[PDB]
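So this first bit is one chain, no partners, the form deposited in one PDB entry, shown in structure tokens.
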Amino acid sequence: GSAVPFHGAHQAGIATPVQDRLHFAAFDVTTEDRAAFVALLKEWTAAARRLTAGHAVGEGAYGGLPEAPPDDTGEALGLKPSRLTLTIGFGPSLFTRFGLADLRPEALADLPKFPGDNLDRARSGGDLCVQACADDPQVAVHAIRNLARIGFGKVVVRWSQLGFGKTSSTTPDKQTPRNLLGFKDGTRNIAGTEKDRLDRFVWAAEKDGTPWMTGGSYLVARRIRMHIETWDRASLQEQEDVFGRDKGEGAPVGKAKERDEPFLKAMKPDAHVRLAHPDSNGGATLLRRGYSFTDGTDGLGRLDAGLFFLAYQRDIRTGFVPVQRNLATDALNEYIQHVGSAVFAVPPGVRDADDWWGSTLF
């Protein structure tokens, strides 16, 4: 229930241990005034400092003037910080505004079309995003709600996604969570303690070509539906062949323990692990940080289920893009469909109490 420090060279919520809940919101900007947008970013940073410490925004949730609406909507009163992190990102469409055209990073690449894509344009894209993660879903909603409230008239929520449970791990010393297909998900990721691998694969560097992005990262979000009726009638052997690890232990095929290293030549040539492994992609390595979702029924008598896939990387062109291209023949494709997509440049961290979100860009 403790707090995660908000200030740093990097934004929290990436290398941070993965919290239980997610509320992800994408915003479009509705103001033409650069000064007004900068004032928004400063007000948002002040609110974030309160929220991530477990305090109410502004002058608080009650005890103010009777005739005024309260500064804070109040539904997190008496709750702990709950490891809340707030991570902001900037979408490519943002750079068509405020004269930012020449500051768009080369590494913030539009994704190509992939075979099987069925992207809903209403739940894709966005000028910016806020990723709220916490162990308490009410804490995460309270944070998104109050940020959107503060931004009234300057931003509007384009789409959002709640994740009821994590399907990722940055802490390999703790139990790996399972996704809704029943497999452990997160075994071979990047750990928050692997500072060298984060430098190599996650954090943007000044020499990469965009100095305002130094210390930041790039985010790919993909909303993926799971065909669970189809999956649930597949044999156990079929399911394990699809991934290349057994279902119970999560060990690489042939081996006894989850964390034993995969021997890829023993997996089917279209096994998901074989195709996604860095060794199959010229070393390309991602930080996966996704969550499971379910949004009711599908209207056809079935549960709706999916995975909200989030990947952080130093350069979209050398992280997600090569790996996802290599998944064109993935055996998993029979059981999933990508139905939403968005990319964002995640700026560097808020260095101290005088700093603010996006200050290196604006």
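Residue numbers run from 1 along the displayed sequence. Only residues modelled in both forms are compared. Think of the rigid core as the biggest set of C-alphas that the two forms share within 1.5 Å after superposition.
This next part talks about the form deposited in another entry, which is not shown.
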query: Residue among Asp279, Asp120, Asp196, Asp173 whose Cα moves 2 Å or more between the shown form and the other one, once the rigid core is superposed; finding: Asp173
query: Threshold 2 Å Cα movement between the shown form and the other one for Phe164, core superposed; finding: yes
query: Sense of the change in Cα distance from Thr171 to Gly182 in the other form - at least 3 Å versus the shown form; finding: closer
query: Shift in CA distance, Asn326 and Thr171, in the other form relative to the form shown here, given it is 3 Å or more; finding: farther
query: Structural rearrangement between the shown form and the other one, runs of 3 or more with C-alpha shift of 2 angstroms or more, core superposed; finding: 164 to 173
